[PDB]
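Chains A and B are the protein sequences, given in the same order. Under the numbering used here, the first sequence has 209 at position 203, and the numbering climbs by one with no breaks. Under the numbering used here, the second sequence has 302 at position 296, and the numbering climbs by one with no breaks. C-beta: ideal position from N, C-alpha, C; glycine also. Here's the structure, in C-alpha cells; my notes come after.
Number of protein chains: 2
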Amino acid sequence: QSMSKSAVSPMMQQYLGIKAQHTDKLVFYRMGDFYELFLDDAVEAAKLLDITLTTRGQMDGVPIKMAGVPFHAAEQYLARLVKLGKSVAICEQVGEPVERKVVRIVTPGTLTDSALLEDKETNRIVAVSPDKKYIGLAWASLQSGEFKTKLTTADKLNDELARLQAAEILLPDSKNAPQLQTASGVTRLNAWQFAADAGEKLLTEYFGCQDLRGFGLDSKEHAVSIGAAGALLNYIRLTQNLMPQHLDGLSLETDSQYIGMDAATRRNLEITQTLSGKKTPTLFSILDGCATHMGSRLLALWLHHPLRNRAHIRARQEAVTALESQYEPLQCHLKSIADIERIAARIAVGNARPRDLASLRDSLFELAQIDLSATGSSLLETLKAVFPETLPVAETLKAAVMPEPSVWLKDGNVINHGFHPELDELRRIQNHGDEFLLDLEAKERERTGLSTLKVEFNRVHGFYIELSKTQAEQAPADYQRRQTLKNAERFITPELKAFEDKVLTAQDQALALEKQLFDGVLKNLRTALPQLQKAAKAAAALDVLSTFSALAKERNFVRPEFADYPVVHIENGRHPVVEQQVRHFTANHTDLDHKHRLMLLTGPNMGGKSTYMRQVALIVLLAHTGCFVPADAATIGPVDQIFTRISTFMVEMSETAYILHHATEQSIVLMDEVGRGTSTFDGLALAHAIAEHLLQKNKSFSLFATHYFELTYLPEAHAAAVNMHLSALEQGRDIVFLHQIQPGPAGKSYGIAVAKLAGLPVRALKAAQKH
Amino acid sequence: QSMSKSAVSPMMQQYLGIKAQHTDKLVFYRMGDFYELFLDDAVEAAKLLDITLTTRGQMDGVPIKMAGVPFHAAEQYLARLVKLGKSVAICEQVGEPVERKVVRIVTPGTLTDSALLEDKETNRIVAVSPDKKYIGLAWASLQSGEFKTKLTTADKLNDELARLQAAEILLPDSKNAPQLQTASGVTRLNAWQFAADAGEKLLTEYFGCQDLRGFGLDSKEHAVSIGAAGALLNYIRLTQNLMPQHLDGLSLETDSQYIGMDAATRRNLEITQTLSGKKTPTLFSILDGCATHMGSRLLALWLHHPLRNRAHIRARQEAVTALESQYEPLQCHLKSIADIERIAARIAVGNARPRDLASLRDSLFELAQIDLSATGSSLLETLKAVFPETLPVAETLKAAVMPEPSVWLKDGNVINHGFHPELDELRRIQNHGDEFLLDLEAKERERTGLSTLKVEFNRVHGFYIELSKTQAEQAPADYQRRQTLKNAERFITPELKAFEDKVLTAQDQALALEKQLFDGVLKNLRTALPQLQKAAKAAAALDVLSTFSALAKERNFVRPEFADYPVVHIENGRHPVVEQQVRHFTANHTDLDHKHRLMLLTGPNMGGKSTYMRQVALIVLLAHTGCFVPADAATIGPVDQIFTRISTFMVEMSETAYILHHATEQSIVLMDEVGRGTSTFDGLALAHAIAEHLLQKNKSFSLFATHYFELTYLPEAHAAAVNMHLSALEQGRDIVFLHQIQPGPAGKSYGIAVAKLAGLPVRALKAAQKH
Ligand SMILES: Nc1ncnc2c1ncn2[C@@H]1O[C@H](COP(=O)(O)OP(=O)(O)NP(=O)(O)O)[C@@H](O)[C@H]1O
Ligand SMILES: Nc1ncnc2c1ncn2[C@@H]1O[C@H](COP(=O)(O)OP(=O)(O)NP(=O)(O)O)[C@@H](O)[C@H]1O
C-alpha cells in the first residue's frame, strides 16, 4: 500500500483527511458555493437525491466521481437525506489561517433546525445498553430538552421503542446487541461509550453535581442505564457544534408513572397515527387546536403518557376548568409567538442565527403580556409566575438586536443602534461614504470638464475613477492608474486611497465588532437557558390546557371523576374522533365495577361494537391526561394499562399472549372478534379460554366482542360476565342500525335477512333451532 | 310576461334563441376566441370547472352572469364535463351570411373524439324501454359500430346494465320509468321516441331492408326492444353532426350465447376493475399485451362475454395455436397502426379532421403488408382476406391527401399535389407571390433612391408600400395612399392591386377547392365504410388472438378441452393475476364431475382458499374466450353461468338469494365464508341450508369455503360433497403456508398456536374435544 502523494491533488488529499474520520457518513465538503461529495459518497448521493453524477480530477489515475448541491438548497437536500436515515458531516473551512473542519454532523435524531423538522415533529434519539436480563434505555430530544433514562427488559423493549417514536437509535457494536427492526436510523457506537463508570463521570460533570442519587440512580441496578445516558451525551457532543447546556434534569422513568400501552395498542387506538399510517382522523388531530407548534407537540406527548398519579391529573383539571372563562384572549397571544422551545435549542447547540433572537425577543415580550390575560387558582399560578421572570432576557435582546436584523451575521446590521457606542461611530462612516464621493465627483467634473466620470467600485480593484482612452490622455499625473480596458482606463488616487482605507477599515472593524458582541449576547443567553426553557415549557403547557378548555366548552366535555375502587362508569359517552365524522352520533352508557367486569358484545356487523369499545378505551385514556372526556359524566377507578386487540393469525395470538399474562385487576382490556381464522372449532375453543382468564386469573375490566354465540352463556357461569348487544331496527324492507347498547345477546335474526332471500330458507330455520 | 326587446341586446337575444331549444344542456356559445356560457349555465360551469364567474351586459335591467373557456382548451374542459355526466351543445356560427347553429351535441355516450376518450375506453349508449313484464334493451357504441338489442326482465336489469358499462342511459319520460341507480348520465326521452311502430320505420329505412326478420325481431314480442333501438337511433341523429352510416347490422342478443355473470360476479372476479375500482392488477390488465388500442378494447369485450357456443371457441382456439409461430412479426406491424376503429367512427359522424385520413391511410397500407407476415389454417384465413380488400381505399387516400397535411382544413395544404390539376395551378400562384414582389421592390428602390422601402401586408389594408413622412413627399402620384401613420405613410398602387386581387382570389379559390374536394373524398370514404369497419374488426381480432398466442407461449398456458358431460378437470392450474405477484406460486389441481360436485374448503386464514377459488372461476372464464388457461391441462363441461360470493349482511343474503334460484346443473358457484355476521347459530344454520341446495335443488358445481367445522360432515351425507382443505406446516416455531389442496378437513390445530400463548390452554383443549 504505497501512495502518491503526486497521484492525488492537495485539495483532494485534504478531503481524504476528513473523509477518513467519517467513513460511515456522507460528507458534504464545501467547495465554493457548493457542497460537493466524492467517490462513493458521490455515487450514493447521485442515486438518493436524483442529482447528476460527474467527475472532477484524477486519483491514482482514476477520474474522481463527484456530485454536488448548491449552498442555497443544502438544507433541502439535507432534509431528504435524513428522511432516509442518513447522516451527513458538513465540512467547512474555518480559521482566523484556514483549516478543513467538520463543524456539525446532521443525524436524523439530533435535529434542531426548523428547516429539517416538520412543525409538530417530535425528534428523539434513544440509546439502548443491553445487559441481557435488564436493558438500559436513555433518550433525549435536542429540540425540547428532554432527557430521560429507563430500566427495562428485553421483551418489553419494542413497546418502549414504539412509545418513544425514536428518530434514531444508538446501539453498542458488541455481538450481544439486541436483535431489533431497522426501523429508523440505527447507529452503532464502539462498545465502551455505554460504560457505566465513564457514563457516570460524564453525567455528574455535565450537571455539576456530586453523584446521581438526586436523579434516583446510583450504579447499583441502574448502572446499565447510566451508561446508556452517557452514550447519548457523547453522541450529542460528537455531532453538535456547541455542547448544549439545555438538557433538562435527568429523570428515571418508572413503569408506575403512566398508563402503559403496548405498541399495538398505541397503533390500534390511532393516537397519533392511523392504521394506514397518516393524520387522517386520529385522536391527536381531532384534539389539536393548539395555537403554538410547541403546544401541539406537547399534546402528542400527553396523549401517549396518561398519568397514573391522580393528583397531577387533578392539578391539570383544576387548570382547564379555570381557563373556561378566559381562553379566547389566551389563544390570541399564543398564536403570535414563535417556536421558542426550538429557538432555545438552536441557541444551546450554537446554531442560532440573528432572526431567531428577534423572534425570541418578540415572543418573550408577548408572553410577558399574559400576566393579566388570566389568573385563577391552580397549577396556573405557577405558570403565570414564569412569564414575567423572563422579561430581563427580553430587555437585553431589545437593546442588543435590531428590530429587524439581517439574515446572516456576517453582513452586519444585526446589533442594535446604541448598544455599543463604538459600533455606532464605526457605522457612522457611511454618510461620509456617499457624501464625500459626491463632494469628490463634482470636484473632478469641473476639474476635467467631463460629466462622463463617476467614482466606481469593484471587489478586486477597490475604488477608482475611469476615463475613455480618448480622455485617458486628459487625466492628470495626480491620477495613479492600474489595469487597462477597451473603451476606457481606470485610475486610483491617494486622496480616495485615504478614503478607501478609511471606509473599508471601518467596515471590517464594525463587522468584527458585531460578531464579537453577538457572540457575547449568545454567551449570556446560553447561561440564561434555564429561564428560557421554563418559558418554553410554561407557554406550551398553557397552550394545551387552553385547548383542553376550548374543546370541553365547544363539544360538551365533562371533567371526569376518579375513584379508589375498580370502576368505569360513563354516562352516555361518545367516541371523540367518530363524533366529528357522522353529522349525528348516538351516545351510549358504560357501567362496570367489581361484580360486572366483562361485557360480552354480540351483534350484527354494522352495529357499533368496535366504535363503542374504542370509545371506552379513549375516554379512559383521555381521562388520565387532564383533558375532559366526551360524555355527560364519567368516573374511572385506578387503571394501570390499556390493552387492545381490534393481519393474522399468530399475530392475533401473539398480542393476546402478551395480554393474558400482563393484564391485572386495574387493566382495561379490549378484544374485538378474537377467533376469526382457522375454524369455528379451535377458534371458539380459544375464545372460550381467553374469556376464561380475564374473569378469573387477571380480574380485568374487559370488553369482549365476538360472533361466537356459544359464548353468550357466560353470565350464567360467572358473576362478573354481562351480555350486551347492539341494535338493528326495521324501517321499510331496509335494515338500519340506531347504534345503541342493549342488555342481552341480540337473538337470532340472520334468517330475518329473508328481506331479500329465496328458499327453502326453512332448511336454515331448521338447522337453527340448534339447542 | 311582456318583453323587451330593448331590455336585451341582439347578441343576447340570439343566444336565447339557441338556449331555448337546449334548456337541459350546457351551451358553449362561441364568443370570438372563447366559448362562453350565460345565466344559469354560467353559474353551473363556474362551479364545475373552477373557472372565474363574471358578468357581461344587462338583461331586463339585471347584470347577465357569464363564464368562459378558451377555444384552444375547449376539448379539455368538455372532457371534464362529460366525466361528470353533463351534455354540452356547441353553438357556433355557420353560413355561406351568418346563422347561429348548434352543429354538435357532446354527450357522455356518443363520444368519438380521441380528445374526449381514454385510449382503452369503451363508450356505450344504452336505451331501455320498459314494458313492465319485459324490458327492451338496445345499445350502441358510436366508436365501434356495435348496435344490438335484447329482451330482458325488470330484475335482471342491473346485471345487464353493469355488463354493458353504459356511459349514458336513455329512459322514457314516462311515470313508469324503471327505478334505478344514477349511475352514469341518465337522459330522459319524451315517451314516443321509444314507439315500436315508429321505431320500425326508422330501423328499416336506416338499413334499407323490408322488415326486421333477418335480424330476428318482428314486432311480436320484440316490439318493446325495437322501439328502444329506434329511440337510440334518434338520439344519435339529434346529437351527431352527420347521421352515421357505420352502425354494424343489428343483432338480437339471447341469453344462450354467453356465459352469464351477474353484476357482483363481474366486480368480485376483478375482470376489468378492482374492488377499490382501479387498474391495480385485474384480469384484463394482466392479459393486456395488445399492440393496438382497438385490440385492447376488444379484449375487454371478450373477457366480459365468454362464449357458450363451443364451435366459435374452437375457431378462436385454432387461430391462437396457428399464431404461436408468427406473433412477433405480427405485433410489430399492429404496434405502428393508429386507432382506425375510431377514425372510421369520426368519418361516419362527419367529425374527421385532415390528419385522421393521414393516419388511416398509412395504417391501411401497413395492414395490407400483413398478407405475408402469417397465414395459418382457421378463422385466420378469413382475417387475412380482409386486409388486401382495403387497399383501394388506401390508394385513393395516398393520391388525395398530403403525406403530412395541415391540422385544420381551413388552412389548406391538405389535398395532395397532382390530385386536382386546377388546385396545383391555383396553388402555383405563390412563387409569383415572392418573386413578383422581389421584381417590384427592386423596381421601386432605384425608382425612389430609397433602400428603406419594402412591400408589406396586414390583414386590414392588404398589400401596401410605406415611406417616412420625410419621404412621403418623395412618393409619386402613381402611388395611391390611404391611412396616415406617425413616422411613415403607406401607399396602394394599381400594379400591386392587380397583384393583390390575383393572389388573394387564388387563395380563396384554392381554399374553397380543397374544401369541396376534401368533402368529396369524405363522400367516398363514407360509402366505403363497410370495408373500413371490417378492416378495423379484422385488425383488432387478430391483435387479441396474437396476444393470446404470446401469453400461452410466454406463461405456459394450455389449450383447454371441452366435454359434453358436466365436468371441471384442471391439472395443476394457477391464478392468472396472483401468479404475477408472488415470485413463486404453487399450482393446484381441481377435479369435479357428476358424482363429485361440491368442494367444501376448510382451512386456516392465510391458506390460499380465496385465491384457489377465484383461480377455478377465472380458468373457466378464460377457457370460454378462446384464450389458453394457466394450467398443464384442463377440461370443462357445458357451463351456463358463473356466480361468486367473496359489506354485509343483507347484501350477503341478497347475492345468495340470486344464486340459489338461478344456478343450474351447468352453473359454477363460488362462495367464500358465507355466515360471517349475526352469529354462529343462525350463521351455521344458513350456511347449512345453502349447501343443502347446491347439491340437491340445483346440482351446480360449487366451491364452498367456510370456517364452520360443523359442515365437514357433508361428504358423509351426500355423494356429491367432497372435503378438501389447505396446508399449514411447521418450520421453526413459525407457521407457514405452502398453499396446497389436500383431501380432508384440516383437523383442529388452532390450539397449535400455543407457539406463543400462556395458560390454562387445557381449558381450551377441554372445550374441544367437542363430540
Ligand atoms: N354511535 C354511533 N353513531 C353513529 N354512527 C356509528 C355509531 N357507532 C358506530 N357507527 C358507525 O357504524 C359503523 C360500524 O361501526 P362498527 O363499530 O365498526 O360496527 P361493528 O360490527 O361493531 N365492527 P367490528 O368491531 O369489527 O365488529 C361505522 O362505520 C361507524 O361509523
Ligand atoms: N396457490 C398459491 N400458491 C402460493 N401462494 C398462494 C397461493 N394462494 C394464495 N397464496 C398466497 O396467499 C396470500 C393470501 O391468501 P388468501 O387466499 O387471501 O387466504 P384466505 O384466507 O384463504 N382468503 P379468503 O377466503 O378471502 O379469506 C396471497 O398473497 C398469496 O401470495
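- Environment of ligand 1, chain-ordered: A:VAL588, A:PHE591, A:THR592, A:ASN611, A:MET612, A:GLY614, A:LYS615, A:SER616, A:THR617, A:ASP678, A:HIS745, taking every residue with Cβ within less than 5 Å of a heavy atom.
- Distance check between A:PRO427 and each of A:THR617, A:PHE563, A:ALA516, A:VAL760 places A:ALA516 closest, using alpha-carbon atoms only.
- Within chain A, the residues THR684, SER685, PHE687, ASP688, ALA691 have their CB atoms less than 9 Å from the CB of B:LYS754, given in chain order.
- The region 33-106 of chain B contains, as complete beta strand (DSSP E) runs of 3+ residues, the segments 40-44, 60-65, 68-76, 94-101 (chain order).
- Within the same chain, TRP308, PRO312 come within 6 Å of A:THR631 by CB-CB distance, once the 5 residues on both sides are set aside.
- One finds nothing in chain A with a Cβ atom closer than 7 Å to the Cβ of B:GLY151; even the nearest lies about 39 Å away.
- The count of Cβ pairs closer than 8 Å, one atom from the region 715-732 of chain A and one from the region 740-749 of chain B, stays below three, leaving the stretches out of contact.
- Residue-level contact by beta carbon holds for B:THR654 and chain A, with a gap shorter than 7 Å.
- For the options A:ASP217, A:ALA201, A:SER257, the alpha carbon positioned closest to that of A:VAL230 is the one of A:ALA201.
- Listed along chain B, no residue sits closer than 9 Å to A:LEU607 by beta-carbon distance, the nearest being about 12 Å off.
- In the three-state scheme derived from DSSP, where H, G and I count as helix and E and B as strand, A:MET612 is classed as coil.
- In the three-state reduction of the DSSP assignment, B:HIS630 falls in the coil class.
- Residue contact check for B:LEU763 against chain A: a CB pair falls below 7 Å.
- Contact with chain B is absent for A:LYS543, since none of that chain's Cβ atoms lies less than 7 Å from the residue's Cβ.
- Nearest neighbour of B:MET37 by Cα position, chosen from B:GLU98, B:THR686, B:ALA391, turns out to be B:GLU98.
- Nearest CB-CB separation between A:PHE715 and chain B: below the 7 Å threshold.
- Taking 7 Å as the threshold, the shortest C-beta distance from B:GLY614 to chain A does not fall below it.
- Among the residues of chain A, none has a CB under 8 Å from the CB of B:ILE353; the nearest is roughly 46 Å distant.
- Contact between A:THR641 and A:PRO566 holds: CB atoms are separated by about 7 Å, below the 8 Å threshold.
- DSSP places B:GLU495 in the uninterrupted beta strand (DSSP E) bounded by 494-497.
- Here the alpha carbon of B:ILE131 sits roughly 6 Å from the alpha carbon of B:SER147.
- In the three-state DSSP reduction, A:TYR756 falls in the coil class, being neither helix nor strand.
- Contact residues of the region 741-752 of chain A toward chain B are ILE741 (C-beta to C-beta distance below 7 Å).
- For A:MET65, not one C-beta of chain B is nearer than 7 Å to its own C-beta.
- B:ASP678 is bridged by DSSP to B:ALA711.
- For the pair of segments examined, the region 310-328 of chain B was found not to touch the region 367-374 of chain B: the number of CB pairs separated by less than 8 Å stays below three.
- Counting of Cβ neighbours within 10 angstroms places B:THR388 among the exposed residues, the total staying below 16.
- Straight-line measurement puts the Cα of A:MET677 at about 23 Å from the Cα of A:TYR571.
- In this structure A:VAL399 is buried. Its beta-carbon is surrounded by 16 or more other beta-carbon atoms within 10 angstroms.
- Rounded to the nearest whole angstrom, the CA to CA distance from A:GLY236 to A:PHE469 is 57 Å.
- Pairwise C-beta distances place the region 152-163 of chain B in contact with the region 132-141 of chain B, as three or more of them are shorter than 8 Å.
- Unbroken beta strand (DSSP E) stretches of 3 residues or longer found wholly inside the region 497-582 of chain A: 574-579, given in chain order.
- The beta-carbon separation of A:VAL635 and A:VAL564, rounded to 6 Å, stays under the 8 Å limit for a contact.
- Under the DSSP assignment, B:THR596 falls in the beta strand (DSSP E) whose first and last residues are 594-598.
- Spatial neighbours of A:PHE655 in its own chain (CB-CB distance under 6 Å, excluding positions within 5 residues in sequence) are listed in chain order as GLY683.
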